[PDB]
Amino acid sequence: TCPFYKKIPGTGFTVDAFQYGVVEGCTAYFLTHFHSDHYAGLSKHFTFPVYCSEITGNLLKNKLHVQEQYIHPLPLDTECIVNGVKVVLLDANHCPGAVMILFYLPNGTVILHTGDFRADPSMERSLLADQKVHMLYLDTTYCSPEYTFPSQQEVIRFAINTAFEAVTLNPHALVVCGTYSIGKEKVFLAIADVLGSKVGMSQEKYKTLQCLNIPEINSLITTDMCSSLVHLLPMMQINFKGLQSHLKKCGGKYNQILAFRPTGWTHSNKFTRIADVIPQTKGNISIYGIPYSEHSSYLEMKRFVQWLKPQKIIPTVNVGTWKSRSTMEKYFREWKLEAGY
Ligand code: NI
C-alpha cells in the first residue's frame with residue numbers, strides 16, 4: 001500500500017506514487033522526474049491527472065504513450081493553483097526535467113518535497129528564501145558522512161582532459177560512455193565537444209534525448225555510429241566482454257577503447273582524490289569509474305537543511321531498515337543543535 005512519505009497532508013495529493021494502483025482519495029498525482037523507480041506504473045492506460053515539468057511531460061507522452069489530456073505540465077518558478085492549492089515547481093539540480101515541489105496548504109503550513117536533488121547554494125536564492133517551510137520531505141540517498149564527492153565541474157574536467165589526451169595520442173581510439181536512464185548527459189556531451197565529434201547512439205536513446213529541450217542538440221547527437229567517435233551504450237555493456245564485442249562490430253575502424261562509467265558513489269572516494277583516479281585495463285580496453293553524482297553529498301545536504309531550518313524532516317530514501325532510519329534521525333538532531341533551530 002502507499003507509504004505515508006508519498007502523501008501530502010491536508011490535500012488530495014501524492015508524489016511519485018504510481019505503482020500502488022488507485023490510491024484512495026488521491027485527486028492529483030505529482031511526478032518529480034522521469035526515473036523508473038519514480039514513474040513505475042504509468043502507461044497509456046492511466047486516466048488520472050499527472051502534474052509535472054514540461055520536459056517530464058514530453059517524456060510521458062513520447063516514451064510511455066500517456067495521453068495528452070491527462071498530462072498537466074507546469075512552468076518552473078511560477079505560482080500555480082492545483083485543485084485549489086497553490087504550488088510552485090523549483091529546479092532540483094538532478095536529471096533533466098527534475099523538480100522540487102512547494103505546497104502552500106490552505107491552513108498556512110508550507111511543505112517542500114525535494115524529489116531527487118543535488119543541493120546547491122543557488123537554491124538559497126530561489127522562491128524558497130521568501131517564506132518559512134514547516135515540513136521537508138528530503139532526498140536522503142547519501143545521508144552519511146562517508147559520502148563525499150567532487151563537484152560536477154571537477155569531474156567533467158577530468159573526463160575531458162583524459163579523453164582529449166588519449167585520442168590525440170591515438171587517433172584510432174574509440175571513446176564509449178555508459179548510460180541507463182536520463183541524467184549525466186554532460187559527461188558524453190562535453191567529451192564529444194572537445195573531440196569535434198557527435199555522440200552516436202541507438203534510435204531509442206536519440207528519441208529520449210530529443211524530448212529534453214537541450215539547446216543545439218541536433219548539433220551534438222546522431223544515430224549514425226559510423227560517423228561518430230564517442231559511442232553511448234547501455235551501462236550493462238560497460239565491461240571487458242561487452243566492450244571487446246562492440247569493438248568487433250566497428251570493423252577495424254578502431255584499435256583501442258577508452259570507456260567511462262559515471263557511478264554515483266564508490267568507496268575509492270574515502271581515500272582517492274579526482275586527480276588520483278586510474279582505470280582498470282585489459283588488453284587494449286580501459287574502463288574509468290568516475291564519481292559524477294546527481295544527488296547531494298552529506299555536507300551539501302547538511303548545509304541546505306541548516307539554511308532552511310524546517311520544523312519536521314521526513315526522509316524519502318533508505319527508510320526500509322531501522323538502523324538507517326535511526327542513524328538519519330541522529331544526524332538531523334545534530335544539525336539542528338549545531339545551527340540553533
Ligand atoms: Ni532519480
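Counting starts at 1 for both ligands and their atoms, following the listed order. Residue numbers run from 1 in the order of the sequence given.
- At least one N, O or S atom of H94, from either the backbone or the side chain, sits less than 2.8 Å from the Ni ion (ligand 1).
- A donor-acceptor contact shorter than 3.5 Å links the side chain of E185 to the backbone of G183.
- Without hydrogens or angle criteria, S228 side chain to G200 main chain gives a donor-acceptor distance under 3.5 Å.
- Not one N, O or S atom of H295 sits under 2.8 Å from the Ni ion (ligand 1).
- Residue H35 counts as close to the Ni ion (ligand 1), with an N, O or S atom under 2.8 Å.
- Panel note: side chain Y137, backbone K7; a donor-acceptor pair is recorded below 3.5 Å.
- Note on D116: its N/O/S atom closest to the Ni ion (ligand 1) is OD2.
- Under 4.0 Å is where a charged nitrogen must lie from a carboxylate oxygen, and between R118 and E294 no such pair does.
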